[PDB]
Amino acid sequence: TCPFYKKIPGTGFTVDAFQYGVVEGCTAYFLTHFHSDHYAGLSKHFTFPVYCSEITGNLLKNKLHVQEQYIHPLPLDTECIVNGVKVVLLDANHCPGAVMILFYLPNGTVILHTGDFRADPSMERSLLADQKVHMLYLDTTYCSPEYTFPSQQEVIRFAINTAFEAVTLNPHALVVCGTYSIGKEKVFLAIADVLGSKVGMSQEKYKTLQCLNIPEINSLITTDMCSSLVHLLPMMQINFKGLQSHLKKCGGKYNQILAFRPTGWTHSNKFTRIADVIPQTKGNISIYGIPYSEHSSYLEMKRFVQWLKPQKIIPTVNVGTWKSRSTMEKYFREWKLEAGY
Ligand code: NI
């Protein structure tokens, strides 16, 4: 049964609620983004209207085979009427196709559902500038002050400079990057651009990327592994055993691997600056963990909420323990007392 924080009151709508069977009273199912914990339950046998971005709808049709007659893509930044209710989709600064949803309820209440997001000051100049929000359904993934990490731009600078130095020192080094979902494509795209290479990958991953409306993508990626010196592999293979095994398959073209694991936050962020990050090494294999986040830091989250000044917050992440719920409620009250709303 569908939990309360996935239902939008005063509407027939749910958000990211496909794993509960037929939800009583639901006339339209919204999907914020194509990540498995959020789409859990969708397939070619789904027969209710799904509302989403264009990129999410391309993934639903090609990867999950949802029939076309049930996919309702909406443009961004544009007032739309759905089942008698005004809605707007906004860019979430998460993975490709990820949105936040503004709902203008028939009684005058305004709700913002962030989906998953990485808050940014640019959101202060979206269509949010113009009006009051009563209720905020908030991605609270990193809602505690210990969660610090650098800007995506600083992380990419470190990656590009590391890869270029290594391959210039040894033209026979291969670069490998891990992945297990959409998101974080700038990591492997930026490294391949500095090296003058396309990115090589499986047919299954190439198919996924072809759904994402990335400009000039045909110029940037390939299934011909032999033509490429930046390879994508499943995240599970980014370990000394899996990398050794991969290097064997490359027919003596290469004699070294440099590999990247984009994670979110890790407790080494408590101590080490991005500039000082070092790899784990075994023989001719080095592995870097890089803190590339597609979720708000604590400070970015706090800035957004103190600007928006919502009357009520409903967290959508870390909701399963009393300790997590009490910690988040304490920070929401701090924020409200500090800013005066
Ligand atoms: Ni996500």
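Whatever order the structure lists ligands and atoms in, that order sets their numbers, starting from 1. In this chain, residues are counted from 1 in sequence order.
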Self-check item: Qualifying residue for side chain to side chain contact (heavy atoms under 4.5 Å, CB included) with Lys6, from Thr316, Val15, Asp16, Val23
Solution: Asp16
Self-check item: Test of ring centre spacing under 6.0 Å for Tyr298 and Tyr147
Solution: no
Quiz item: So which pairs with a foot in residues 56-77 pass ring-ring contact (aromatic ring centres under 6.0 Å, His included), sequence neighbours left out?
Solution: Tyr51-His72
Self-check item: Non-neighbouring partners of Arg303 that pass salt bridge (charged side-chain N to carboxylate O under 4.0 Å, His left out), sequence neighbours left out
Solution: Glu124
Quiz prompt | Listed partners of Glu300 passing salt bridge (charged side-chain N to carboxylate O under 4.0 Å, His left out), at least two apart | solution = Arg118
Practice problem: Can you list, by chain and residue number, the protein N, O or S atoms under 2.8 Å from the Ni ion (ligand 1)? | Solution: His33 NE2, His35 ND1, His94 NE2, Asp116 OD2
Exercise. For the residue pair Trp265 and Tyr142, categorise the inter-ring angle as parallel (less than 30°), tilted (30 to 60°) or perpendicular (more than 60°).
Key: tilted
